[PDB]
Every structure is written in structure tokens, then in C-alpha cells.
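S.K.: Next up is a structure, given as C-alpha cells.
Number of protein chains: 2
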Amino acid sequence: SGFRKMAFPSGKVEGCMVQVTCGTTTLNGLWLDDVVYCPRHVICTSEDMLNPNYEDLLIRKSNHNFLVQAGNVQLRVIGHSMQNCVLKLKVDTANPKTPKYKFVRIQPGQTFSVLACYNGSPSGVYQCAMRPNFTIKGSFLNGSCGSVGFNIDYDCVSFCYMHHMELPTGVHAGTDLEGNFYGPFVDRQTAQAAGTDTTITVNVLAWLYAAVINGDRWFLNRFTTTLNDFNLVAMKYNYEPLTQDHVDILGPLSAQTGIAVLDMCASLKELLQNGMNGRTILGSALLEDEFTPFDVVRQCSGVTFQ
Amino acid sequence: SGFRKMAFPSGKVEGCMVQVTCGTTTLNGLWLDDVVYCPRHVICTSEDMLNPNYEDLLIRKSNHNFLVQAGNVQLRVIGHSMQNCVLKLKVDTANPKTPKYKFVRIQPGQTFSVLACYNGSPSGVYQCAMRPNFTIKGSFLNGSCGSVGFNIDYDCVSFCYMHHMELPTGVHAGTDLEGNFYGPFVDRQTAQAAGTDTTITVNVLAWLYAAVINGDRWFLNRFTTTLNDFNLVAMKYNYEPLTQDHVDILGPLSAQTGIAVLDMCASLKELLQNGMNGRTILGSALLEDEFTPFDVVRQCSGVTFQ
Ligand SMILES: *[C@H](O)[C@H](C[C@@H]1CCNC1=O)NC(=O)[C@H](CC(C)C)NC(=O)OCc1ccccc1
Ligand SMILES: *[C@H](O)[C@H](C[C@@H]1CCNC1=O)NC(=O)[C@H](CC(C)C)NC(=O)OCc1ccccc1
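Just so you know, the protein sequences line up as chains A and A', in that order. A prime marks a further copy of an entry chain. Quick note, the first sequence lines up with residues 1 to 306 if you use PDB author numbering. Quick note, the second sequence lines up with residues 1 to 306 if you use PDB author numbering.
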């Protein structure tokens, strides 16, 4: 038993990270087959980042202006193109460590692992969730751009995130691997407000089920509720509304614990109105929403990968 | 900026995990050079685990009773010996993925990454601390034994933990890689009490420094204190006493933030006596003690590894 914020094993992604240098700027790239993907602001200087015209900046760059390094080996760039906010550098060498991979654009509330890198070398791995306002609460410093977020499905790595920027409020924004930003953000150094950050209700419920599986049952009450009555309370506390699809997704967790979803909603309603009164749940004094129902099943059943 | 519970990249350890089967029992082994390390209770049946005599049980086992599998490849066992609570199986093939490695026995308060495995395949990675009572608060199910804890120092993997058992209270116990248990535990299925779990004060202070580096300064007060006066308050709340060595270790964090260690101790003293009043620090409503001063420097400066 026990419950931890668990990241995916990073071995399959570590072998795909390279260092990309253009002039003075160095960030990380993702080397898959004979293509390196990296944020397009690698072609910017520090003054270009206030109001970059990426088309005009890219005209003055040739293949030989991009230095791609995989540890101590040099990759020769034989072609380059811009796809939305990412650059695709065609190199002369296919990555021999290329895993089975897929590009996926995730939905808010879904979780993934981030392999934080600097100069193309892994620094650490952690788990996070795409917030409802399309930000992530990450840990990134200068030089971390090009670090990727991923999920693993048995033997297939699903890349879903590439890091680009930090907002003035301390949260982080990036793109999918086709270069499309999550949310309304643009890759320029300007004031950009993020919307309201709401709590992922279906994830909180899955975490409460994980608590019951692990022996924390003090929050279970004798009340029940309805979907409409719960959502009326949930909206007041900036919680995401619960839908029938969410109830179906929680179905297997409800069957394993013998606690109906609406009964768990009533327990959550009491926690939202009266607080936790200094108590803790799974070692936390707040309601955690960065575990999906799948994350809970995966950790409480011991799913493994290639 | 930002701060996350960050684990080490697991790639170098994933290539060392194998599956070890003896009769009906299957757990994980660590394959380094031509030696596989695994918990010795792999030779037990379910009834042997109440009161195992490991010497008598091992007499009835030959080399060919141990089935070692690295994915789909079979390793031939050419020798076996018991070193404390671990078995060393000599195999005919040296692991070609053997990294630069070291065996280290860690001290309470130190942190490390756990690669949770089942059937020799990685399931996930998370960060934890050796508690002062020599337990860890992990996430382990049946079949997880032989999973290892590790640190990375540039290119060298330091193995410090191998998982063996879960206590009735839900916490976890294991050995170093020489088979010596952390704490007074023994590998038999019997009631074993753990001591009082105290809070690692030096780790809390490092985490408060990480909060200041990341813009959370509401808890900073105008008071200071002395080491003796702080420890008098710390002992009442089951906090580990702070020593002069701890002050020296926090030195670099104190110099980077311009906040003297004793001034931070006064802020902690106020948090212990008056609580946090519903506020949060780095997104937590409790005082976190699973970040060492080195972990904080490493994450806030972007240290990378091979
Ligand atoms: C890429 O490595 C870097 C990552 C940042 C550095 C601090 N933390 C991060 O996540 N990204 C940038 O420097 C990025 C580049 C633009 C061309 C998009 N800008 C950025 O994040 O600036 C921070 C900021 C911008 C505007 C107002 C306040 C802060
Ligand atoms: C090895 O895979 C396994 C790991 C356990 C299973 C549940 N969570 C874990 O961490 N270890 C054992 O089954 C271990 C074997 C003995 C020979 C040491 N026993 C164990 O942890 O039993 C749990 C327990 C023992 C006594 C009282 C209450 C619970």
C-alpha cells in the first residue's frame, strides 16, 4: 500500500534529448528518427524576444547555423522548417534509440511526466497535470525549453508537451509536438494573463478513492447527494462541474471500494464546506487534483511498462 | 521558477532490473556486472514467511532452482550466496548496461529516488526520504520487493535501498545493498513496531529557503532566536534538534537569500506555535521535510547528470 506522486520511468525519453544551439541561444531538442524538434525561439537573441517576427528571423538562418549535439557527437543539419511554434531540423543520422512513439494533444485534467533537461542532459523527472486554464505548475529555469512531457502506454511513448515559457505569475506554458500552444499563449516576452485556475473535480474524487483503498476513511459521511446539487456547491469553490461521463470513468473505482460515486460526492461536499479541520488525507492537508482515475488504478494495481 | 518533488532520471537503473523466480515466488533483482542481487525471502513459500530459518531453507536450493530473466533473455545462475538479508546470484553474463555504480548506506533525513518494479519491469519513479525511524513512506504492492532506491552523482549511480517489507502501519522497510536492514527490522512476517516518526528540521528549513527563492515570503517575521531556544520549541512538536553542522549545511542557502539561519528558525518557530492559518507555502498546507538542502540547491540551480 501507500500512495505517491509517481512519474513514468524516463529511460526511453532520456535517449532522445539533444542540445540545440543557434548563435548564442542553447536549449533542448527532441531527436526522433532523423528529425530534431525544438522551440522556435532558439533563433532569437535576448532583444528579439520582446516582439519577434519569426519568419523574418528564420530567413537569415541556414542549416549550418544550427549546432545539434547528442552528448559529445555532432549531428549534421540537412534541412530545417518551422511548424507553428516548433522548428523541425532534419539531421543526417536517425536516432538509434528511437522508441515507439506517438504525438498526442492532451485535454485539461490529464497528467503526464516532465523530464526537465538543461544542455540536452536530464536533470530530473516529475509528474504534473494540464490545468484547466492550459498552464502547468512546473519547475523550469533558464535553458529548460525543449524539455518534454510524456506518457507511456506499455511500450509506446506518447509525447504531449514541449516547454516554451514561464508566465509572470510563476506558472508554465508550452506546446504540443506539432507546435500548437496549449491555451491562448504566444511565444513572445510580453505580459500574458492566465485565466482562473479551477480544481479538477474528477481527479479529486479519484484521489479520495485512493485514500479509501489505502485506509483513510474518516471523511466518509452518511449523506448522499445529486449531480446537480453537488455541482451547485462545486461551482462556488471554483471546482470543475461533474458530468455523467466523469461518473462512468470513476465506475471501476466505485466498484472496487463499494462506495457509490454520489456518496463520495457528498463526502467531498462536506470537505468543501467545513474544511478538513487540521486533519490530513494521504499525508496531504489539501485536496489533491493531479491524479487521474487512471493514475489511481495504475498505481494501486501495479501496471508496468516496457 | 517553481518547485516540484523531483526524482532522478531512471534510465541508468531501468537497464539493471531483472526478474528472479524461485519456485512459486517472483520478485525483482538488480543485475550489476555478473551478479544479481535480490531479497533472500525469494526462497520462501507463503507459509515459510511467518518464521523462516533462511539457512535451512537455502540448503535445499541449487543454482538451477533460481530462474533469472532479463525481459525475454535467460541468465544462467552459476553460483549463489547469502549476504545478510540479500542473495547474490552469480550469472554467466555480465550486464552490458552496467553503469558506474556504488553501494552507499544513507543516514536518516537523506533523500533518494525509488524505481518501483514488478516482474522486473519498471512501473514508476518517485522521491522519498529515509525517515528518522528508518522507515520510508513509499508505494509498494505485492511483487515489488527488489525494487531499489538510488541517487545519481553526475555519472555515478549510488544504490542505497532495496525494498523488503511493509509494516502493519503502512510504512516500508528495506536494506542497503549489502543486505543490512535500515532500522531494527527483520525479514519475517511478524508484528514489528516502528518508533516515533519525527520531522527532519534541517529539511524543513531548506524547503522554506526554496519558498523564499520562489517568491513565498509571507511567513518571514521580524523575530530572531537562538539554537537552544528553537530546539526547546522544536522538541515539543517532535522535530529533530538542530545542530551547528546543520547551520553550516544551510550556509549557501542563507547566503543566496540574505536571510540568516536563526532568522529562518524564528519564522519556523512561529509556524509551529500558531499554525499556517489556512495559508499555503509552495502549494502545500503542511511543512514539507523530504527536501534536503542539496535537493533545493540542485533544483534551483539546474544540476544535470550523464
Ligand atoms: C526557455 O528555456 C525559457 C524557459 C523559461 C525561463 C524561466 N523559466 C522558464 O520556464 N523561456 C523563455 O525565456 C521565454 C522565451 C520567449 C521567446 C517565449 N520567455 C519567458 O518565459 O519569459 C518569462 C517572462 C516573460 C514575460 C513576462 C514575465 C516573464
Ligand atoms: C515483497 O514484494 C513484499 C512487499 C510488500 C507486499 C505489500 N507491500 C509491500 O511492500 N514483501 C513481503 O511480502 C514481506 C515478506 C517477508 C518474508 C519479510 N512481508 C510483508 O511485508 O508483510 C506485510 C506484513 C507483515 C506483518 C504484519 C503486517 C503486514
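Built from N, CA and C at the ideal position, the CB exists for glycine as well.
1) Quick one: give me the first and last residue of the beta strand (DSSP E) that A'/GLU166 is part of.
2) At 4 residues or longer, what runs of the alpha helix (DSSP H) sit wholly inside the segment 142-218 of chain A?
3) A/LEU87 and A/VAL42 look like a contact to me (Cβ under 8 Å); what is the Cβ gap, rounded to whole Å?
4) Is A'/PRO122 a contact residue of ligand 2, with contact defined as CB to any heavy atom under 7 Å?
5) Please classify A'/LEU115: does DSSP put it in a helix, a strand, or coil?
6) Give the straight-line distance between the Cα atoms of A/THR190 and A/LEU50, rounded to the nearest whole angstrom.
7) Are there any heavy atoms of ligand 1 lying less than 7 Å away from the beta-carbon of A/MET264, as far as the coordinates show?
8) Between A/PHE305 and chain A', is any beta-carbon pair separated by less than 8 Å?
9) At what residue ranges does the segment 259-306 of chain A contain a whole run of the alpha helix (DSSP H), taking only runs of 4 or more?
10) Determine the DSSP secondary structure at A/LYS137, reduced to helix, strand or coil.
11) Which residues in chain A have a C-beta closer than 9 Å to the C-beta of A'/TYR182? List them in chain order.
12) Expressed to the nearest angstrom, what Euclidean distance is found between the alpha-carbon atoms of A/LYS90 and A/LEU250?
13) Which residues, taken in chain order from the segment 236-252 of chain A', show a beta carbon closer than 8 Å to some beta carbon of chain A?
14) Taking 7 Å as the limit between beta carbons, can you name the residues of its chain near A/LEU58, skipping five residues before and five after?
15) With 8 Å set as the bound, which would you pick, yes or no: does the beta-carbon of A'/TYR118 sit closer than that to a beta-carbon of chain A?
16) Confirm, please, whether the CB-CB distance from A'/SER254 to A'/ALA260 is below 8 Å.
17) Considering only heavy atoms of ligand 2, does any lie closer than 7 Å to the CB of A/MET162?
18) As a quick exercise: from A'/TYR161, A'/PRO168, A'/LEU167, pick the residue whose alpha carbon is nearest that of A'/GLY174.
19) So that I know if they touch, is there some Cβ in chain A' lying closer than 8 Å to that of A/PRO293?
20) Closer than 8 Å, CB to CB, is A'/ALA211 near chain A or not?
21) Please confirm whether A'/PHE3 and A'/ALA285 have their CB atoms less than 8 Å apart.
22) How should A'/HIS64 be labelled, buried or exposed, when 16 other C-beta atoms within 10 angstroms of its C-beta is the threshold for buried?
23) Any heavy atom of ligand 2 closer than 7 Å to the CB of A'/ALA191?
24) First and last residue of the alpha helix (DSSP H) that includes A/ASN231?
25) With a threshold of 8 Å between beta-carbons, can A/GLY170 be considered close to chain A', or not?
26) Who are the neighbours of A'/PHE3 on chain A, taking C-beta pairs under 8 Å?
27) By DSSP, does A/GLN110 sit in helix, in strand, or in coil?
M.R.: The structure says:
1) 156-166
2) 201-213
3) 7 Å
4) no
5) strand
6) 6 Å
7) no
8) yes
9) 261-274, 293-301
10) coil
11) Here the premise fails: no neighbours, minimum Cβ distance about 17 Å.
12) 44 Å
13) none
14) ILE43, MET82
15) yes
16) yes
17) no
18) A'/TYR161
19) no
20) no
21) no
22) exposed
23) yes
24) 227-236
25) yes
26) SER139
27) coil
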